[PDB]
Structures are given as structure tokens and as C-alpha cells.
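Have a look at the structure below, then the notes.
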Amino acid sequence: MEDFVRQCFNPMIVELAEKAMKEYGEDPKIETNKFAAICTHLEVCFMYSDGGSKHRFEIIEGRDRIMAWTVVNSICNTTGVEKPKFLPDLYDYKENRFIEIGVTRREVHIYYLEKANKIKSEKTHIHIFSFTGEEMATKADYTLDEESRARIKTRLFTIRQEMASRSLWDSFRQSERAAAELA
Ligand SMILES: CC(C)(Oc1ccc(Cl)cc1)C(=O)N1CCC[C@@H]1c1nc(C(=O)O)c(O)c(=O)[nH]1
Ligand SMILES: [Mn+2]
Ligand SMILES: [Mn+2]
């Protein structure tokens, strides 16, 4: 699994994921499912910004959380957008709204419901992707054009298939449920 992560992911995404887990006291060599899940979520955030113009998105995910709040503050002060209660993943400069990106191995609408209750902000856009080519966005507003989201779904389906060929998928899918159960 650790071998798969460094094989399928850009080494900068890998280092970002390693840097993130170390700052939270987690070993990437042990919590291998979370390692792959952080890499996958980070890649989707990068592929999401590619779907718009070079003026379109500000990527908040993958940066130092303390510094990421200063940019959130600068955006809210400049644009007048209400400040979110949790750090989002992107800011949309065109629609002038923050975006939460979800990547789940569970069902998309159940995952949306959990994010919507936890975010509990309104005006923070939610877009969920699954490894089964499904997606769900707030009020059916998918933000990106069809070709941009197709690239994301295909990439996630690709990751699933190659995990499935290494017998790693079923452990990856069950880990999110295990993380959800412990409460
Ligand atoms: C998506 C991911 C990696 O799933 C897993 C999967 C398996 C395991 Cl063992 C642990 C987590 C996660 O880290 N999750 C699941 C929901 C909570 C958290 C999350 N955090 C942020 C953030 O910004 O901190 C997000 O932006 C966000 O989309 N998800
Ligand atoms: Mn995030
Ligand atoms: Mn997210």
C-alpha cells in the first residue's frame, strides 16, 4: 500500500501527505489507508482547480493550516463573504464562494449529508466524488464543465481499479467506515 502510494501519486503530493500526517502525529508507514486517502483528496483538489481559469480558484487545502486561515481572512475581508467555521478546500473567485471537496468510498449522498451537517454554514459549496464515478454537488451546481469532472471521476476509478488489482481496495473501502464508526 505504501508502495502503491509512491507509485501512483506525484512525489510532491506524497511529500505533502507525509508532511501533513507527521504534523498530526501519524505514521504514514502504519496508517497506510489514511496516507492514500490524503493523497487522493489532495490530487482531486489540484485537478479541480485545473478545471477553471488561472484566475478562478484559490487552493486552500494542502497548505499550513495557520497560514491558510490568514488567506481565508483576507478573502472574506476583501469580498465580504461570510467566514466559514471550518477551513474549506477552495475559494471560487468567480462564484465568490468557498468550496468543500469530498472524496469518499462510501455513498455520495450519505457523505454529502455528513459534510452538510458538520459544515452547517450555508453558502459553502459542497462537491462530493466517489471511486465509482458518482458525484454530488450543492443544488446540482457542479461548478466545473463536464470534461473537467470526467477527468476527476476517471482518475478516481483508475485508482480504485489498480488498488483492486493489488487486493488493496477492500481494506481501503472498509477503513473509512471504521473511521466513521469510532465515535
Ligand atoms: C478524506 C479523508 C482522507 O478520509 C479518510 C479516509 C480514511 C481514513 Cl482512515 C481517514 C480519513 C479525510 O481526511 N477525512 C474524512 C472526513 C474528515 C477528513 C477530511 N478532512 C479534511 C480537512 O480539510 O481536514 C477535508 O478537507 C476533507 O475533505 N475530509
Ligand atoms: Mn480540506
Ligand atoms: Mn475536503
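If you're wondering about the labels, chains in the C-alpha cells are A, B, ... by order shown, residues count from 1 in each chain, ligands from 1 in order shown.
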
Report task. Give the residue list for ligand 1 at 9 Å, counting only C-alpha atoms and all ligand atoms, as a VMD selection string, sorted by chain and then by residue number. Result -> chain A and resid 31 to 42 60 to 62 65 86 to 89 100 to 105 111 114 to 115 128 172 to 180

**Report entry** strand (DSSP E or B) positions in chain A, given as a PyMOL selection string
**Finding:** chain A and resi 57-59+90-92+97-104+125-130+135-137

Restricting the output to N, CA, C and O atoms, write the selected residues as a CSV table (one decimal), in the first residue's frame.
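again-v9.csv written:
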chain,number,residue,atom,x,y,z
A,57,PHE,N,-9.7,29.8,-9.1
A,57,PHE,CA,-9.7,29.2,-7.8
A,57,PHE,C,-8.5,29.6,-6.9
A,57,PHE,O,-7.4,29.8,-7.5
A,58,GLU,N,-8.7,29.6,-5.6
A,58,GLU,CA,-7.6,29.7,-4.7
A,58,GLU,C,-7.6,28.4,-3.9
A,58,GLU,O,-8.6,28.0,-3.3
A,59,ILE,N,-6.5,27.6,-4.0
A,59,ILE,CA,-6.4,26.3,-3.3
A,59,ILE,C,-6.0,26.5,-1.9
A,59,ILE,O,-5.0,27.1,-1.6
A,90,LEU,N,-11.2,25.1,-1.3
A,90,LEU,CA,-11.0,26.1,-2.4
A,90,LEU,C,-11.8,27.3,-2.1
A,90,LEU,O,-12.8,27.3,-1.3
A,91,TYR,N,-11.5,28.4,-2.7
A,91,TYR,CA,-12.3,29.6,-2.9
A,91,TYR,C,-12.5,29.8,-4.4
A,91,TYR,O,-11.6,29.8,-5.1
A,92,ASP,N,-13.8,30.0,-4.8
A,92,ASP,CA,-14.2,30.2,-6.1
A,92,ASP,C,-14.2,31.8,-6.3
A,92,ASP,O,-15.1,32.4,-5.8
A,97,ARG,N,-17.5,32.1,-3.6
A,97,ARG,CA,-17.9,31.2,-2.5
A,97,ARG,C,-16.8,30.2,-2.2
A,97,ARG,O,-16.0,29.9,-3.1
A,98,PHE,N,-16.7,29.7,-1.0
A,98,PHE,CA,-15.8,28.7,-0.7
A,98,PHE,C,-16.4,27.3,-1.1
A,98,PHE,O,-17.6,27.2,-1.2
A,99,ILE,N,-15.5,26.4,-1.3
A,99,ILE,CA,-15.9,25.0,-1.7
A,99,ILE,C,-15.3,24.0,-0.8
A,99,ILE,O,-14.1,24.1,-0.4
A,100,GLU,N,-16.1,23.0,-0.4
A,100,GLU,CA,-15.6,21.8,0.3
A,100,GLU,C,-15.6,20.7,-0.6
A,100,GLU,O,-16.6,20.4,-1.2
A,101,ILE,N,-14.4,20.0,-0.8
A,101,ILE,CA,-14.3,18.9,-1.7
A,101,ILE,C,-14.4,17.6,-0.9
A,101,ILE,O,-13.6,17.5,0.1
A,102,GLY,N,-15.2,16.7,-1.2
A,102,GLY,CA,-15.3,15.4,-0.6
A,102,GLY,C,-14.9,14.3,-1.5
A,102,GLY,O,-15.3,14.3,-2.7
A,103,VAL,N,-14.1,13.4,-1.0
A,103,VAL,CA,-13.7,12.1,-1.8
A,103,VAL,C,-14.0,11.0,-0.8
A,103,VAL,O,-13.4,10.9,0.2
A,104,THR,N,-14.9,10.1,-1.2
A,104,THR,CA,-15.4,9.1,-0.3
A,104,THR,C,-15.4,7.7,-1.0
A,104,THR,O,-15.7,7.6,-2.2
A,125,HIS,N,-20.0,25.8,-0.7
A,125,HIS,CA,-20.4,24.8,-1.6
A,125,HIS,C,-19.7,23.5,-1.4
A,125,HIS,O,-18.6,23.4,-1.0
A,126,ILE,N,-20.5,22.4,-1.6
A,126,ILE,CA,-20.0,21.1,-1.3
A,126,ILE,C,-20.1,20.3,-2.7
A,126,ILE,O,-21.1,20.4,-3.4
A,127,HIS,N,-18.9,19.6,-3.0
A,127,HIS,CA,-18.9,18.8,-4.1
A,127,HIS,C,-18.2,17.5,-3.7
A,127,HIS,O,-17.0,17.5,-3.3
A,128,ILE,N,-19.0,16.4,-3.9
A,128,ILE,CA,-18.5,15.0,-3.4
A,128,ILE,C,-18.2,14.2,-4.7
A,128,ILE,O,-19.0,14.2,-5.6
A,129,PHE,N,-17.1,13.5,-4.6
A,129,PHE,CA,-16.8,12.5,-5.7
A,129,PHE,C,-16.6,11.1,-5.0
A,129,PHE,O,-16.1,11.1,-3.8
A,130,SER,N,-16.9,10.1,-5.7
A,130,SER,CA,-16.7,8.7,-5.3
A,130,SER,C,-15.7,8.0,-6.2
A,130,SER,O,-15.4,8.5,-7.3
A,135,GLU,N,-21.0,11.6,-8.4
A,135,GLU,CA,-20.7,12.9,-7.8
A,135,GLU,C,-22.0,13.5,-7.4
A,135,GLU,O,-23.1,13.2,-7.8
A,136,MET,N,-21.8,14.4,-6.4
A,136,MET,CA,-23.0,15.2,-5.9
A,136,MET,C,-22.5,16.5,-5.4
A,136,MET,O,-21.6,16.6,-4.6
A,137,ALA,N,-23.2,17.6,-5.9
A,137,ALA,CA,-22.8,18.9,-5.6
A,137,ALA,C,-24.1,19.7,-5.1
A,137,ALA,O,-25.2,19.3,-5.4

Requested in this report: Using only C-alpha atoms, determine which residues lie at most 10 Å from residue 18 of chain A, disregarding the query and same-chain residues fewer than 2 positions distant; provide the list as an MDAnalysis selection string.
Outcome: chainID A and resid 12:16 20:23 26:29 35 38:39

Query - Non-local contacts of residue 50 of chain A (8 Å; only C-alpha atoms; under 4 positions in same chain excluded) as number ranges by chain - result: A: 46, 54, 148

Query raised in the report: Which is closer to ligand 3 than all the others in A:43, A:162, A:107, A:95, using only C-alpha atoms and all ligand atoms?
Result: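 When distances to ligand 3 are compared using only C-alpha atoms and all ligand atoms, the smallest one comes from A:43.
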
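With only C-alpha atoms as the basis for measurement, A:138 is the residue among A:121, A:167, A:96, A:138 that approaches residue 109 of chain A most closely.
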
**Report entry** Top pick for closest residue to residue 81 of chain A, considering A:63, A:123, A:153, A:118 and counting only C-alpha atoms
**Finding:**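 Using only C-alpha atoms, the shortest distance to residue 81 of chain A belongs to A:123.
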
Query raised in the report: Looking at only C-alpha atoms and all ligand atoms, which of A:122, A:48, A:149, A:142 is the one that sits closest to ligand 3?
Result: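 Smallest separation from ligand 3 among the options: A:48.
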
Report task. To one decimal in Å, tell me the separation between atom CA of residue 1 of chain A and atom CA of residue 154 of chain A. Result -> 20.5 Å

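Across the model, the gap from atom CA of residue 139 of chain A to atom CA of residue 44 of chain A is 20.5 Å.
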